[PDB]
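Enquirer: Sharing model-v8.cif here; it has mmCIF, N, CA and C atoms.
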```
data_coords
loop_
_atom_site.label_atom_id
_atom_site.label_comp_id
_atom_site.auth_asym_id
_atom_site.auth_seq_id
_atom_site.Cartn_x
_atom_site.Cartn_y
_atom_site.Cartn_z
N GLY A 1 69.44 165.48 7.94
CA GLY A 1 70.02 165.40 9.27
C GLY A 1 70.63 164.02 9.52
N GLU A 2 69.76 163.02 9.50
CA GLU A 2 70.21 161.64 9.64
C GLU A 2 71.27 161.32 8.58
N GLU A 3 72.15 160.40 8.94
CA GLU A 3 73.17 159.95 8.01
C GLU A 3 73.44 158.45 8.20
N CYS A 4 72.43 157.76 8.71
CA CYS A 4 72.52 156.32 8.88
C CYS A 4 72.72 155.69 7.50
N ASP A 5 73.82 154.98 7.36
CA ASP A 5 74.10 154.25 6.14
C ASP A 5 75.21 153.22 6.40
N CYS A 6 75.03 152.47 7.47
CA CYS A 6 76.04 151.51 7.89
C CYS A 6 75.33 150.33 8.56
N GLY A 7 75.98 149.18 8.49
CA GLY A 7 75.44 147.98 9.11
C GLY A 7 76.52 147.23 9.88
N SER A 8 77.44 147.99 10.46
CA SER A 8 78.50 147.41 11.26
C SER A 8 79.03 148.44 12.26
N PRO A 9 79.10 148.01 13.55
CA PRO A 9 79.66 148.85 14.59
C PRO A 9 81.18 148.91 14.49
N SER A 10 81.77 147.74 14.26
CA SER A 10 83.22 147.62 14.24
C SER A 10 83.79 148.46 13.10
N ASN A 11 82.99 148.62 12.06
CA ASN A 11 83.40 149.39 10.90
C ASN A 11 83.92 150.75 11.36
N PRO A 12 85.23 151.00 11.06
CA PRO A 12 85.85 152.26 11.42
C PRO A 12 85.39 153.38 10.49
N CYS A 13 84.63 152.99 9.48
CA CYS A 13 84.08 153.96 8.53
C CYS A 13 82.88 154.64 9.19
N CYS A 14 82.34 153.98 10.20
CA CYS A 14 81.08 154.41 10.79
C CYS A 14 81.31 154.66 12.28
N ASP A 15 80.33 155.28 12.91
CA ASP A 15 80.36 155.48 14.34
C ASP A 15 79.09 154.91 14.97
N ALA A 16 79.26 154.28 16.12
CA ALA A 16 78.15 153.63 16.80
C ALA A 16 77.65 154.53 17.93
N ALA A 17 77.62 155.83 17.65
CA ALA A 17 77.18 156.80 18.63
C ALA A 17 75.82 157.37 18.20
N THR A 18 75.81 157.92 17.00
CA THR A 18 74.61 158.57 16.49
C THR A 18 74.17 157.93 15.17
N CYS A 19 74.77 156.78 14.88
CA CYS A 19 74.45 156.06 13.66
C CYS A 19 74.72 156.98 12.47
N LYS A 20 75.98 157.37 12.34
CA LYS A 20 76.41 158.16 11.20
C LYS A 20 77.81 157.72 10.77
N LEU A 21 78.23 158.23 9.62
CA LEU A 21 79.54 157.90 9.09
C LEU A 21 80.58 158.83 9.71
N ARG A 22 81.84 158.48 9.49
CA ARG A 22 82.94 159.32 9.93
C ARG A 22 83.22 160.42 8.91
N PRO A 23 83.99 161.44 9.35
CA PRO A 23 84.37 162.53 8.47
C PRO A 23 85.45 162.09 7.48
N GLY A 24 85.11 162.15 6.21
CA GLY A 24 85.96 161.59 5.17
C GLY A 24 85.43 160.23 4.71
N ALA A 25 84.24 159.89 5.21
CA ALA A 25 83.59 158.66 4.80
C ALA A 25 82.14 158.96 4.41
N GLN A 26 81.77 158.50 3.22
CA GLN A 26 80.46 158.79 2.68
C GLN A 26 79.51 157.61 2.92
N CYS A 27 80.10 156.43 3.00
CA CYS A 27 79.32 155.21 3.12
C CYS A 27 80.18 154.15 3.79
N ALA A 28 79.56 153.01 4.07
CA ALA A 28 80.23 151.95 4.80
C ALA A 28 80.81 150.93 3.81
N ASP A 29 79.92 150.35 3.03
CA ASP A 29 80.31 149.31 2.09
C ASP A 29 79.13 148.98 1.17
N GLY A 30 79.46 148.43 0.01
CA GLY A 30 78.45 148.06 -0.96
C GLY A 30 79.08 147.67 -2.29
N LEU A 31 78.23 147.46 -3.28
CA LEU A 31 78.69 147.08 -4.61
C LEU A 31 79.29 148.31 -5.30
N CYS A 32 78.81 149.48 -4.89
CA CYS A 32 79.22 150.72 -5.52
C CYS A 32 79.78 151.64 -4.43
N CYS A 33 80.13 151.04 -3.30
CA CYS A 33 80.66 151.79 -2.18
C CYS A 33 81.97 151.13 -1.74
N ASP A 34 83.02 151.94 -1.67
CA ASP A 34 84.30 151.46 -1.18
C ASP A 34 84.24 151.32 0.34
N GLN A 35 85.37 150.92 0.91
CA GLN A 35 85.44 150.70 2.34
C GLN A 35 85.59 152.04 3.07
N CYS A 36 84.70 152.96 2.74
CA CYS A 36 84.57 154.19 3.51
C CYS A 36 83.93 155.25 2.61
N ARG A 37 84.27 155.19 1.34
CA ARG A 37 83.90 156.24 0.41
C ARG A 37 83.23 155.64 -0.83
N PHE A 38 82.76 156.53 -1.70
CA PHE A 38 82.15 156.11 -2.95
C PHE A 38 83.20 155.50 -3.89
N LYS A 39 82.70 154.79 -4.89
CA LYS A 39 83.57 154.23 -5.91
C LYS A 39 83.50 155.10 -7.17
N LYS A 40 84.29 154.72 -8.16
CA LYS A 40 84.31 155.44 -9.43
C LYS A 40 83.62 154.58 -10.50
N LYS A 41 83.31 155.23 -11.61
CA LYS A 41 82.68 154.53 -12.72
C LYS A 41 83.55 153.33 -13.12
N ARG A 42 82.95 152.44 -13.89
CA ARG A 42 83.67 151.29 -14.41
C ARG A 42 83.92 150.27 -13.29
N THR A 43 83.13 150.39 -12.24
CA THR A 43 83.16 149.42 -11.16
C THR A 43 82.11 148.33 -11.39
N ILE A 44 82.54 147.09 -11.27
CA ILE A 44 81.66 145.96 -11.50
C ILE A 44 80.71 145.81 -10.31
N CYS A 45 79.46 146.17 -10.54
CA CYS A 45 78.47 146.17 -9.48
C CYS A 45 77.64 144.89 -9.60
N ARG A 46 77.58 144.38 -10.82
CA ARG A 46 76.86 143.14 -11.09
C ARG A 46 77.39 142.47 -12.35
N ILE A 47 77.18 141.17 -12.42
CA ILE A 47 77.58 140.41 -13.60
C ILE A 47 76.37 140.24 -14.52
N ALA A 48 76.66 139.97 -15.78
CA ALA A 48 75.60 139.76 -16.76
C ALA A 48 75.00 138.37 -16.57
N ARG A 49 73.76 138.23 -17.04
CA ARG A 49 73.10 136.94 -17.01
C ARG A 49 73.35 136.18 -18.31
N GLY A 50 73.59 136.94 -19.37
CA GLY A 50 73.89 136.36 -20.66
C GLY A 50 73.50 137.31 -21.79
N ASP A 51 74.32 137.31 -22.83
CA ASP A 51 74.04 138.11 -24.01
C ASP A 51 74.11 139.59 -23.65
N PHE A 52 74.72 139.86 -22.50
CA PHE A 52 75.00 141.23 -22.10
C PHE A 52 76.40 141.35 -21.50
N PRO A 53 76.95 142.59 -21.59
CA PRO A 53 78.19 142.90 -20.89
C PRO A 53 77.95 143.08 -19.39
N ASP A 54 79.02 142.92 -18.63
CA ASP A 54 78.95 143.12 -17.19
C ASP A 54 78.36 144.50 -16.90
N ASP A 55 77.69 144.60 -15.75
CA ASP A 55 77.00 145.82 -15.39
C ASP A 55 77.89 146.64 -14.45
N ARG A 56 78.19 147.86 -14.88
CA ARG A 56 79.06 148.73 -14.12
C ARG A 56 78.27 149.90 -13.53
N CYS A 57 78.78 150.42 -12.43
CA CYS A 57 78.09 151.48 -11.71
C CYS A 57 78.46 152.82 -12.37
N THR A 58 77.97 153.89 -11.77
CA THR A 58 78.26 155.22 -12.26
C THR A 58 79.39 155.86 -11.46
N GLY A 59 79.47 155.46 -10.20
CA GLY A 59 80.54 155.93 -9.33
C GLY A 59 80.11 157.19 -8.56
N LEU A 60 78.81 157.26 -8.29
CA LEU A 60 78.27 158.34 -7.49
C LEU A 60 77.06 157.84 -6.70
N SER A 61 77.08 156.54 -6.42
CA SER A 61 75.99 155.92 -5.69
C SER A 61 76.48 154.66 -4.98
N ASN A 62 75.69 154.22 -4.01
CA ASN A 62 76.01 153.00 -3.29
C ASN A 62 75.20 151.84 -3.88
N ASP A 63 74.07 152.20 -4.47
CA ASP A 63 73.18 151.20 -5.05
C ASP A 63 73.76 150.73 -6.39
N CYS A 64 73.20 149.63 -6.88
CA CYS A 64 73.69 149.03 -8.11
C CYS A 64 72.51 148.91 -9.08
N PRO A 65 72.48 149.85 -10.07
CA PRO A 65 71.43 149.84 -11.07
C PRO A 65 71.64 148.72 -12.09
N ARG A 66 70.54 148.06 -12.42
CA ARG A 66 70.61 146.89 -13.29
C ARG A 66 70.86 147.33 -14.74
N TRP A 67 71.46 146.42 -15.50
CA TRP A 67 71.70 146.66 -16.91
C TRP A 67 70.35 146.63 -17.63
N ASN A 68 69.79 147.82 -17.83
CA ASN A 68 68.55 147.94 -18.57
C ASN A 68 68.76 147.43 -20.00
N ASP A 69 68.22 146.25 -20.25
CA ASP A 69 68.33 145.64 -21.57
C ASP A 69 67.33 146.30 -22.52
N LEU A 70 67.70 147.51 -23.05
CA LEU A 70 66.99 148.24 -24.13
C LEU A 70 65.65 148.79 -23.69
#
```
Written as structure tokens, that's how I'd like the structure from this file.
Expert:
Amino acid sequence: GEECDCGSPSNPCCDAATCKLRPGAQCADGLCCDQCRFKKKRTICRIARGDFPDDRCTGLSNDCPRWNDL
């Protein structure tokens, strides 16, 4: 039922009425979230610390999963 997933009133992606997103908007913003909608794979969600490649998202989430080093 709930669809709270925003941290800005001014955000036109969201509505400050029932704390939900707009129609055609899945999320507000994030490392794996575009400015209204989800992102696609091969999106840089985090940088490597060393001896690893940059960490990319899957493109079906707002969260950013860490580069599981083996």
Enquirer: Please identify the strand (DSSP E) residues within chain A (assignment by DSSP from backbone atoms) and present them as an mmCIF file with N, CA and C atoms, in the coordinates of the input.
Expert:
```
data_model
loop_
_atom_site.group_PDB
_atom_site.id
_atom_site.type_symbol
_atom_site.label_atom_id
_atom_site.label_comp_id
_atom_site.auth_asym_id
_atom_site.auth_seq_id
_atom_site.Cartn_x
_atom_site.Cartn_y
_atom_site.Cartn_z
ATOM 1 N N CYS A 14 82.340 153.980 10.200
ATOM 2 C CA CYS A 14 81.080 154.410 10.790
ATOM 3 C C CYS A 14 81.310 154.660 12.280
ATOM 4 N N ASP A 15 80.330 155.280 12.910
ATOM 5 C CA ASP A 15 80.360 155.480 14.340
ATOM 6 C C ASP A 15 79.090 154.910 14.970
ATOM 7 N N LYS A 20 75.980 157.370 12.340
ATOM 8 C CA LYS A 20 76.410 158.160 11.200
ATOM 9 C C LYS A 20 77.810 157.720 10.770
ATOM 10 N N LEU A 21 78.230 158.230 9.620
ATOM 11 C CA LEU A 21 79.540 157.900 9.090
ATOM 12 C C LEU A 21 80.580 158.830 9.710
ATOM 13 N N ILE A 44 82.540 147.090 -11.270
ATOM 14 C CA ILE A 44 81.660 145.960 -11.500
ATOM 15 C C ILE A 44 80.710 145.810 -10.310
ATOM 16 N N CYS A 45 79.460 146.170 -10.540
ATOM 17 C CA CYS A 45 78.470 146.170 -9.480
ATOM 18 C C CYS A 45 77.640 144.890 -9.600
ATOM 19 N N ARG A 46 77.580 144.380 -10.820
ATOM 20 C CA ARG A 46 76.860 143.140 -11.090
ATOM 21 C C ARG A 46 77.390 142.470 -12.350
ATOM 22 N N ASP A 55 77.690 144.600 -15.750
ATOM 23 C CA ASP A 55 77.000 145.820 -15.390
ATOM 24 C C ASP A 55 77.890 146.640 -14.450
ATOM 25 N N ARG A 56 78.190 147.860 -14.880
ATOM 26 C CA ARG A 56 79.060 148.730 -14.120
ATOM 27 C C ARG A 56 78.270 149.900 -13.530
#
```
Enquirer: Would you mind reading off the distance between atom CA of residue A:44 and atom C of residue A:70, one decimal, in Å?
Expert: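 Here the two named atoms are 20.3 Å from each other.
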Enquirer: Could you give me, as a list in words, the residues within 8 Å of stretch 47-49 of chain A, counting only N, CA and C atoms and dropping anything in the same chain fewer than 6 positions from it?
Expert: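 My reading of the contact set: residues 55, 56 and 67 of chain A.
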Enquirer: Exactly which residues make up the result of the PyMOL selection byres ((chain A and resi 11-13) around 7) on this file, given as number ranges by chain?
Expert: A: 7-10, 14-15, 20-23, 25, 27-28, 35-36
Enquirer: Counting all atoms listed in the file, find residues at most 6.5 Å from (74.1, 158.6, 9.3) (file frame) and give them as a PyMOL selection string.
Expert: chain A and resi 1-6+18-21
Enquirer: Extending 6 Å beyond the listed atoms of stretch 52-61 of chain A on each side, what axis-aligned box results? I want centre and edge lengths in Å to one decimal, as JSON.
Expert:
```
{"center_x": 77.6, "center_y": 149.1, "center_z": -13.7, "size_x": 17.8, "size_y": 30.5, "size_z": 29.5}
```
Enquirer: Find the spatial neighbours of residue A:46, counting only N, CA and C atoms, within a cut-off of 8 Å - ignore same-chain residues fewer than 6 positions away - and output them as a ChimeraX atom specification.
Expert: /A:31-32,53-57,64-67
Enquirer: Just the selected residues (N, CA and C atoms), exported as a PDB file, in the frame of the given file, please.
Expert:
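New file out14.pdb:
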```pdb
ATOM      1  N   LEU A  31      78.230 147.460  -3.280  1.00  0.00           N
ATOM      2  CA  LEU A  31      78.690 147.080  -4.610  1.00  0.00           C
ATOM      3  C   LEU A  31      79.290 148.310  -5.300  1.00  0.00           C
ATOM      4  N   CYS A  32      78.810 149.480  -4.890  1.00  0.00           N
ATOM      5  CA  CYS A  32      79.220 150.720  -5.520  1.00  0.00           C
ATOM      6  C   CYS A  32      79.780 151.640  -4.430  1.00  0.00           C
ATOM      7  N   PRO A  53      76.950 142.590 -21.590  1.00  0.00           N
ATOM      8  CA  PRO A  53      78.190 142.900 -20.890  1.00  0.00           C
ATOM      9  C   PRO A  53      77.950 143.080 -19.390  1.00  0.00           C
ATOM     10  N   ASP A  54      79.020 142.920 -18.630  1.00  0.00           N
ATOM     11  CA  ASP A  54      78.950 143.120 -17.190  1.00  0.00           C
ATOM     12  C   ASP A  54      78.360 144.500 -16.900  1.00  0.00           C
ATOM     13  N   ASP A  55      77.690 144.600 -15.750  1.00  0.00           N
ATOM     14  CA  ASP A  55      77.000 145.820 -15.390  1.00  0.00           C
ATOM     15  C   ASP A  55      77.890 146.640 -14.450  1.00  0.00           C
ATOM     16  N   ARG A  56      78.190 147.860 -14.880  1.00  0.00           N
ATOM     17  CA  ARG A  56      79.060 148.730 -14.120  1.00  0.00           C
ATOM     18  C   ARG A  56      78.270 149.900 -13.530  1.00  0.00           C
ATOM     19  N   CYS A  57      78.780 150.420 -12.430  1.00  0.00           N
ATOM     20  CA  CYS A  57      78.090 151.480 -11.710  1.00  0.00           C
ATOM     21  C   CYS A  57      78.460 152.820 -12.370  1.00  0.00           C
ATOM     22  N   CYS A  64      73.200 149.630  -6.880  1.00  0.00           N
ATOM     23  CA  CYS A  64      73.690 149.030  -8.110  1.00  0.00           C
ATOM     24  C   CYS A  64      72.510 148.910  -9.080  1.00  0.00           C
ATOM     25  N   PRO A  65      72.480 149.850 -10.070  1.00  0.00           N
ATOM     26  CA  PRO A  65      71.430 149.840 -11.070  1.00  0.00           C
ATOM     27  C   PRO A  65      71.640 148.720 -12.090  1.00  0.00           C
ATOM     28  N   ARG A  66      70.540 148.060 -12.420  1.00  0.00           N
ATOM     29  CA  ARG A  66      70.610 146.890 -13.290  1.00  0.00           C
ATOM     30  C   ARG A  66      70.860 147.330 -14.740  1.00  0.00           C
ATOM     31  N   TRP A  67      71.460 146.420 -15.500  1.00  0.00           N
ATOM     32  CA  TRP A  67      71.700 146.660 -16.910  1.00  0.00           C
ATOM     33  C   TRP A  67      70.350 146.630 -17.630  1.00  0.00           C
TER      34      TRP A  67
END
```
